[PDB]
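*Asks:* Below are the structure tokens for one structure; questions will follow.
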Amino acid sequence: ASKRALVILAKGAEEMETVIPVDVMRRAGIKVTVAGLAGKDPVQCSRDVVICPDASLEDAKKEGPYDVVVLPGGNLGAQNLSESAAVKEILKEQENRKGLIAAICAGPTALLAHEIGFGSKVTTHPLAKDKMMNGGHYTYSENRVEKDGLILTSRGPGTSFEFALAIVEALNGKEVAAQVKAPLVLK
Amino acid sequence: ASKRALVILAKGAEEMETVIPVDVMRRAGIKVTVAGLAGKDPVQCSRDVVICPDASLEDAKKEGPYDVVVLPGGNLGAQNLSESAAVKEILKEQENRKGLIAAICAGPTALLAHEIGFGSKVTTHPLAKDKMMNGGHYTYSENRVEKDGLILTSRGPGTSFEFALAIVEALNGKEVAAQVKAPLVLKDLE
């Protein structure tokens with residue numbers, strides 16, 4: 001069957017960090033569900049792009065399991081993910097069942113907030129490093145994409161293609177990632 | 001006063017080629033209007049991301065002028081742009097007032113369709129090259145972003161950041177473009 005991705009879309013999400021992985025994963029044949037943290041209502045992103053989610057998180061939760069749960073960044077987006085009990089429940093479940101969790105830019109700070117993946121090697125945006133490392137619950141990495149077991153992290157809007165392709169590779173293999181990447185006209 | 005950008009959003013637009021330039025231009029302090037070709041309703045893009053436009057094109061066309069008009073790609077998106085008389089009028093008026101026109105991926109084939117900027121060095125997505133240069137109305141460039149006068153073109157989702165930063169440099173200067181670039185964590189120069 002198709003692999004499945006859940007992308008949790010909160011108010012203030014960075015729209016490039018949301019759209020690049022959704023689009024790239026769908027190019028790979030992954031069934032992606034863009035789930036509104038606050039319900040099915042359109043979501044205002046960090047630079048005011050308004051994206052209409054496929055479903056509420058509430059509804060998407062009862063439609064899994066997902067091969068990957070993806071947390072976009074955005075200062076406000078990440079704060080909102082970090083404050084949600086529903087997100088906590090979803091990530092705890094994914095981690096417990098040995099499913100992939102992928103977070104980009106400020107997104108990984110929601111992993112910290114929800115006590116997810118402690119002991120893992122992670123990266124973040126350089127501006128998020130200090131918040132992420134508060135408590136020494138992770139080992140920090142400067143890699144543009146970092147994968148430590150089932151915790152996959154990345155640094156910024158400009159690493160979003162790399163992040164998304166790393167997810168495709170994890171789920172579908174190198175050859176699929178290659179087929180997807182070719183037409184993207186990446187450097 | 002701030003510069004203004006009109007981004008014309010059609011059903012089937014490539015959502016990365018739409019969102020990257022909107023976001024990057026807004027980072028630069030450009031006032032960007034995402035204008036829906038069909039009206040004010042949300043627009044389904046090529047990989048099913050649904051974007052709510054700020055305004056209809058019919059409306060935004062009345063809030064001119066714009067410092068840049070931006071045509072995203074996407075096969076179906078570019079086809080809808082190519083088939084619109086409203087888009088033709090906008091592009092004709094922009095070229096006539098010596099304003100920038102910026103088109104990415106299959107988006108430049110809309111310039112061909114509307115007879116815009118013939119004689120320009122342009123680039124497109126590799127799979128759009130043949131259609132763009134049928135009739136010999138342009139010179140082709142393999143550069144990831146090309147700028148020939150007021151015709152600025154680029155190749156694909158993977159060149160969207162460079163495309164958007166070129167628009168920023170053309171409108172707001174190299175200093176602002178470098179300011180906007182710094183926090184993106186794009187690749188270094190080496």
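Don't worry about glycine lacking a Cβ; one is built from the backbone with ideal geometry, like all the others, and counts go over all protein chains shown. The numbers here are math on the coordinates, done by the rules we state, and not lab data.
*Asks:* Are there any pairs with C-beta distances below 7 angstrom linking a residue in segment A:108-121 that is touching a residue at least 40 places away in the same chain (Cβ under 8 Å) and over 13 Å from A:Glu83 (Cβ atoms) to a residue that is among the small types (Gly, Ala, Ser) and in a loop (DSSP other than H, G, I, E, B), with the two at least 6 apart or on different chains, and if so which?
*Replies:* What qualifies is A:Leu111/A:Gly117.
*Asks:* Among the listed residues A:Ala86, A:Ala102, identify the single one that is away from chain B (no Cβ under 14 Å) and assigned to a helix (DSSP H, G or I).
*Replies:* Unique residue meeting the criteria: A:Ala86.
*Asks:* Then there's this: Collect the residues in segment A:141-162 that are over 20 Å from A:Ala178 (Cα atoms) and hydrophobic (A, V, I, L, M, F, W, C), keeping them in residue-number order.
*Replies:* Answer for segment A:141-162, where residues must be over 20 Å from A:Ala178 (Cα atoms) and hydrophobic (A, V, I, L, M, F, W, C): A:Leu150, A:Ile151.
*Asks:* Taking the stated definitions as given, is A:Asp48 surrounded by fewer than 23 Cβ atoms within 10 Å (Cβ to Cβ) and either touching a helix residue (DSSP H, G or I) at 6+ places or on another chain (Cβ under 7 Å) or among the aromatic types (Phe, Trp, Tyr) (or both)?
*Replies:* Numbers: surrounded by fewer than 23 Cβ atoms within 10 Å (Cβ to Cβ): yes; either touching a helix residue (DSSP H, G or I) at 6+ places or on another chain (Cβ under 7 Å) or among the aromatic types (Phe, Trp, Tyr) (or both): yes.
Against the criterion (surrounded by fewer than 23 Cβ atoms within 10 Å (Cβ to Cβ) and either touching a helix residue (DSSP H, G or I) at 6+ places or on another chain (Cβ under 7 Å) or among the aromatic types (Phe, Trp, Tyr) (or both)), A:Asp48 qualifies.
*Asks:* Further, regarding this structure: Give just the number: which of (1) within 23 Å of A:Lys187 (Cβ to Cβ); (2) within 13 Å of chain A (Cβ to nearest Cβ); (3) among the charged types (D, E, K, R) does B:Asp54 not satisfy?
*Replies:* Tallying (1) within 23 Å of A:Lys187 (Cβ to Cβ); (2) within 13 Å of chain A (Cβ to nearest Cβ); (3) among the charged types (D, E, K, R), B:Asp54 fails exactly one: (1).
*Asks:* Turning to a different aspect of this structure: Considering B:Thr124, B:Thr159, B:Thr153, which residue is part of a loop (DSSP other than H, G, I, E, B), in contact with a strand residue (DSSP E or B) (Cβ under 8 Å, 6 or more places away or on another chain) and buried (at least 24 other Cβ atoms within 10 Å of the Cβ)? Lay out the reasoning, then the answer.
*Replies:* Details: B:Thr159 fails: part of a loop (DSSP other than H, G, I, E, B); B:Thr153 fails: part of a loop (DSSP other than H, G, I, E, B).
Matching residue, one of B:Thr124, B:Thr159, B:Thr153: B:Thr124.
*Asks:* Count, please, the residues in segment B:6-47 that happen to be within 11 Å of another protein chain (Cβ to nearest Cβ), part of a loop (DSSP other than H, G, I, E, B) and free of Cβ contacts under 8 Å to residues at least 24 places away in the same chain.
*Replies:* Residues flagged as within 11 Å of another protein chain (Cβ to nearest Cβ), part of a loop (DSSP other than H, G, I, E, B) and free of Cβ contacts under 8 Å to residues at least 24 places away in the same chain within segment B:6-47 amount to 2.
*Asks:* Does B:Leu171 satisfy being hydrophobic (A, V, I, L, M, F, W, C) and either within 14 Å of chain A (Cβ to nearest Cβ) or not in a helix (DSSP H, G or I) (or both)?
*Replies:* no
*Asks:* For segment A:128-149, give me the residue count where each residue is in a loop (DSSP other than H, G, I, E, B) and at negative phi. Working first, answer last.
*Replies:* To start, the set of residues in segment A:128-149 that are in a loop (DSSP other than H, G, I, E, B) comprises A:134-138, A:141-144, A:149.
Checking the rest, the ones that are also at negative phi come to A:134, A:137-138, A:141-144.
Of the residues in that region, 7 qualify.
*Asks:* Being more than 13 Å from chain B (Cβ to nearest Cβ) and closer than 23 Å to B:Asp188 by Cα is the filter; apply it to segment A:134-145 and report the residue that is surrounded by the fewest Cβ atoms within 10 Å (Cβ to Cβ).
*Replies:* Out of the qualifying residues, it is A:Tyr140.
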